[PDB]
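Take a look at this single chain in structure tokens; it is the form deposited in one PDB entry.
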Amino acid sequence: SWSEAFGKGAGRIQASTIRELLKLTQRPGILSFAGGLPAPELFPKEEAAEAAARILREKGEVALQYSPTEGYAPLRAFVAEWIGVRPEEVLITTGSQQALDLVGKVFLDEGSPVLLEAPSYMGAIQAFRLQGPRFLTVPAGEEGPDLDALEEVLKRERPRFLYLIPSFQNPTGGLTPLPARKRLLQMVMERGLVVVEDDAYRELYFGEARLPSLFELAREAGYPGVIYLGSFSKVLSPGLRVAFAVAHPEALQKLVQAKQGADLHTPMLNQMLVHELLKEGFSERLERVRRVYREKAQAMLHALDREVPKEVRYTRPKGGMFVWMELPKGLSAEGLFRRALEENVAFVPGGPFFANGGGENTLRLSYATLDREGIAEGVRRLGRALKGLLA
């Protein structure tokens, strides 16, 4: 009765990896390497308590009332200055996840081609699948998408957009280097193609500098086709659900009109709260997150080097939150997942990151949430798990 009452969209949302992952802060028996849950030590609880009370006492009539679809104006200006655009070109979203939904709505139809990497971000796959697209993929490795494979796709297909995460890809941790960013921009400019650039990990670089985004390079070239997404989730607070999109006025208007119908506007308190927290001392805060994830990455890498047999490969990220692991072809990461849970350690099997399937032997390890010894203890429990499997 219900199964016959649903429309086509109902058959396009079957995957439950996001919501199952979301139920990961147990109570609290789980050494979790699953879910890129930011370092809770980084949460400025006291500052947020202070700022939220003050907003509500002094600006409660704005904080509590319906508000414009585009965002809290001082947040839009803050973001405009940080990114290097005007406020009119910024839309505040209810996380970057909403932004992915909105891009799916404005650009995809049933059977529409969309290009993304294999593997790529699960939330993006989930948001886009809703529209019934044809997923076109290109492999993703340590240094970004395979551009020779892209070249071949582009001779045959015109994707509605390319979805890319040049800086520390979810789930691989891949970093697209500058000359590859440049070639990518050329290929896209030559064909007049649309890029969706998800920069959630922008500030989480372990090197001496971040690379220019595809958005910045496009902007220096005078190319209007890059839609740039950013978030305060990995930098401040996921729970607040505050992010942004930056786009050419025409693309932006479509996104604004779609967001209107999505949730009217992003909760105002949350935006005003993000602003209050960040408007002073943002750089210093950023330098600290950077310090913290570098350390957690180093702890996991050293623990893996000590605990993990050389028959299994894993990446060594230059930023972000993830180590991506590959078992020998023929071992299953879900199998591995069962055993890991029987040691009270969780990770994400790789399957869900692959839009068209495959990737059975792969898995994503997140070092974001646990401190050093929790990382060291989890990896040891994972070492015991993998060794029992390869034996």
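Rigid core: the largest C-alpha set superposing within 1.5 Å between the two forms. Start at 1 with the first residue shown and count on from there.
This next part talks about the form deposited in another entry, which is not shown.
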| item | value |
| --- | --- |
| Conformational change between the shown form and the other one, one of 343, 360, 326, 70, C-alpha moving 2 Å or more after core fit | 343 |
| Exceeds or equals 2 Å, Cα of residue 30 between the shown form and the other one, core fit | yes |
| Threshold 2 Å Cα movement between the shown form and the other one for residue 20, core superposed | yes |
| Cα-Cα shift for residue 28 and residue 319, closer or farther in the other entry, minimum 3 Å | farther |
| Change in CA distance between residue 26 and residue 364 in the other entry, which is 3 Å or more, as closer or farther | closer |
